[PDB]
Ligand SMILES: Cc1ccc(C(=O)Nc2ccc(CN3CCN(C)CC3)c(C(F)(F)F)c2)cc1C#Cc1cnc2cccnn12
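Next up: a single chain in structure tokens, the form deposited without the ligand.
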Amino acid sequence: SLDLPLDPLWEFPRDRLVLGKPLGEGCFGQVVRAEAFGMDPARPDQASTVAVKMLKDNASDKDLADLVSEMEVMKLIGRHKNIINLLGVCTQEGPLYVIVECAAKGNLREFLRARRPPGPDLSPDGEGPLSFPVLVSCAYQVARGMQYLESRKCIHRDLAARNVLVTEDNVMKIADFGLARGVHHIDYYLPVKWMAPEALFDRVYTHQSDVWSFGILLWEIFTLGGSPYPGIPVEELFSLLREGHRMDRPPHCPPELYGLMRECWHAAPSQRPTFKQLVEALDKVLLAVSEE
């Protein structure tokens, strides 16, 4: 019963996207790479690469309901540089395709881990592909992305480096918008170590719980895609947090940034910084790096 109206802001033709090169295959649904022609109407014959989300052969009534609403809430949220944006939809002349932005460099964790140096550095503390400015940029872009998402009333259970995608130009796109207007982001491709205490235990997901997770994401960035809480089983991580345990400062991380990580991990949600403040703090660092 696929009879959605033709939304003239978002409807894009079938004839104009060329499919193939599958990027991810979840349960009952899949994301494939595709070349789209004139996704910018200002350049109407010019081509560009995109990511197309669709249902698998094993189709369902509820899953088509989820994919439709997901696509509807995406255009409700609006565009931002640091989120995976909706590009177009194909509703009428065939099955549902939701066209979104493609990130050529994979997720942030994968991006970071692939660009690691082969071992330890010359010094324990204190120019290449993962420069300090590049890492500060990564952190900043995600903060901007979350700041936007929160202004659009988007809540997450958590946020991790695997949820952030990286484009050819190292622009960080958050892939999971989360829950918004009673519709979840379905992934066609629990994380206890990322979740804030209230999210783990009381299942209260707020802006303050997103900040905690961002703290863990920062620690991920500055360990070049490190696994959080190393050598600690997921069982009885919670006990450690209850006692006051937090992760140490990574080998190559300024105390300024570690300050921010610890600030994100305050037990009281009100003691944690807002994403407005995280953006202020990260921009000051970025500026400091560019100076002299």
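One-based numbering along the sequence shown. So that the term is clear: the rigid core is the largest set of C-alpha atoms that superpose within 1.5 Å between two forms.
From this point on, the text means the form deposited with the ligand bound, which you will not see here.
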* To do: May I ask you to decide between open and blocked for this site, after superimposing the site C-alphas so that the ligand adopts its pose in the deposited bound form, counting ligand atoms within 2.4 Å of backbone or C-beta atoms with 3 as the threshold?
  => blocked
* Indicate whether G106 is a 4.5 Å heavy atom neighbour of the ligand in the deposited bound form. => yes
* Can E70 be called a contact residue for the ligand in the deposited bound form at 4.5 Å between heavy atoms? -> yes
* **Heavy atom of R144 within 4.5 Å of the ligand in the deposited bound form** => no
* To do: Tell me, yes or no, whether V31 is in contact with the ligand in the deposited bound form, where a contact means a heavy atom of each within 4.5 Å.
  => yes
* Asked: Quick one: in the deposited bound form, does every one of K53, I84 and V100 get a heavy atom within 4.5 Å of the ligand?
  -> yes
* Structure fact -> Given 195-203, 218-226, 134-142, 73-81, the stretch touching the ligand in the deposited bound form at heavy atoms within 4.5 Å is 73-81
* Asked: Who in 136-169 is close to the ligand in the deposited bound form, meaning a heavy atom within 4.5 Å?
  -> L149, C154, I155, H156, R157, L165
* Have a look at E235, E243, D61, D248 and give me the residue whose C-alpha moves 2 Å or more between this form and the one not shown, with the fit done on the rigid core. => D61
* Under a superposition restricted to the rigid core, does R157 display a Cα displacement of 2 angstroms or more between this form and the one not shown? -> yes
* Core-aligned, is the CA shift for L6 between this form and the one not shown 2 angstroms or more? -> yes
* Taking the rigid core as reference, does the Cα of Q92 move 2 Å or more between this form and the one not shown? -> yes
